[PDB]
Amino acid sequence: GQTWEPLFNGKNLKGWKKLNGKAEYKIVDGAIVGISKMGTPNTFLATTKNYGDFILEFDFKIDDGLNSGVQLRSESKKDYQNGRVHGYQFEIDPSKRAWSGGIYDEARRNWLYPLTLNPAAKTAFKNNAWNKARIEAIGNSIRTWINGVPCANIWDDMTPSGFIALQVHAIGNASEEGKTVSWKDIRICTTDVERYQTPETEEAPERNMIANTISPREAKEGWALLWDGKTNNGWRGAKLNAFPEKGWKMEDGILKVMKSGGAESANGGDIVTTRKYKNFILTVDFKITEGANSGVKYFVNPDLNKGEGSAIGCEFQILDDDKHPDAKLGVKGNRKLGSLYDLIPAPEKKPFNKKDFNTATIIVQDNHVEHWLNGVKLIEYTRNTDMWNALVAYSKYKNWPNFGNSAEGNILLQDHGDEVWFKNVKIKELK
């Protein structure tokens, strides 16, 4: 049957090495017990072997008010932060936050898969009890389970192989000196991994960490890239037959609208998809600069505006609400980030992290439309209704016949003369 190799023999610490911190690892009833300390940094008991593709299993228990984790495909390099342990980590969190089984990129990218991405896994961890963990690291796929509950699922290629390590996190208050985290029955399967892998029917939804790519899961699910992360393929200027020769830069897997005078579509101009879409889920990652303005448009007719300014369509406003003057204009905030520009305001409380990339989601299912920001629904509307047409009649789009009522339209990225970054521009066409 399945060939399992023990990583810990229940007797001694053979096959392990302590890195960074000076916390103790004692053996109590066939379990590795990591003991908290004071004045020492994070400690890691790392395997003396590197593992690429594997199925890892271990039992774990932790004192409340303590944080722990198990490093996967992790490294310690003398050239990077004096051998500080970095890489994927299976979170052990007994706090009310409840992100156990989540993936944290230790001393590197930080949170990759927090349990906000899969909230039903928050109930998996049993406080002050033994918990059974399973990790499946197969190619670029890293998946985690706690007590049979799927927790995290990331698609990433940064480190294909590295060590497994047990974390004893540095403590801050005196009230946690002898507080322990314990690991037992640590075993690994490295032979016939594909024979014993968990099916796609019993996993957490995947998060693809490899910018501007379509994972096998995303492909099976009907996703395609609108931007390939390298070329202007699939895009043209709204009023041009080809891509603009200025005002748009592509570098480091980021599609950047250039900073100019902040004027509307006066630099390189807006860019549109070279094809039309009907029903879809459109996802766009964006990062703004101070006082920046841009937007994601859909139901676009690139031939309507032959004059100055932005091409005609419905818009997912992108803005620095704190600085850009347009945020205070319009009616009851209908020009702030995430709004249906000049029509429907985004709520006052929205999950926006101005220092990082944010994800815009636009869903079109015939007449039904939704705007999401970082997995939270902002607005909901229905075109081809008495309400829609009446609302459009009061707006900036009052002169456009049958505005936002057509089945098909192009998707657009706006030039509002400010520096805005884009990546992971993907589409899932719907029935």
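When you see a residue number, it is the position in the sequence shown, counting from 1.
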- Task: Averaging only over Cα atoms, indicate whether 112-120 or 224-232 has the higher B-factor in the PDB entry.
- Result: 112-120
- Query: 15-23 versus 403-411: which one carries the higher mean Cα B factor per the record?
  - Reply: 15-23
- Item | Most elevated Cα B-factor in the entry, residues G101, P347, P160, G87 | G101
- Note on the structure: Per the deposited B-factor column, the C-alpha that peaks among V168, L343, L319, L282 belongs to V168
- Query: Which third of the chain does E206 land in by C-alpha B-factor: lowest, middle or highest?
  - Reply: middle
- Note on the structure: Temperature factor at the Cα of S68, chain-ranked in thirds, falls in the highest
- Query: Would the CA B-factor of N42 place it in the lowest, middle or highest third of its chain?
  - Reply: highest
- Message: Please place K61 in the lowest, middle or highest third of its chain according to the CA B-factor in the PDB entry.
- Response: highest
- Note on the structure: For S395, the third of its chain by CA B-factor is the lowest
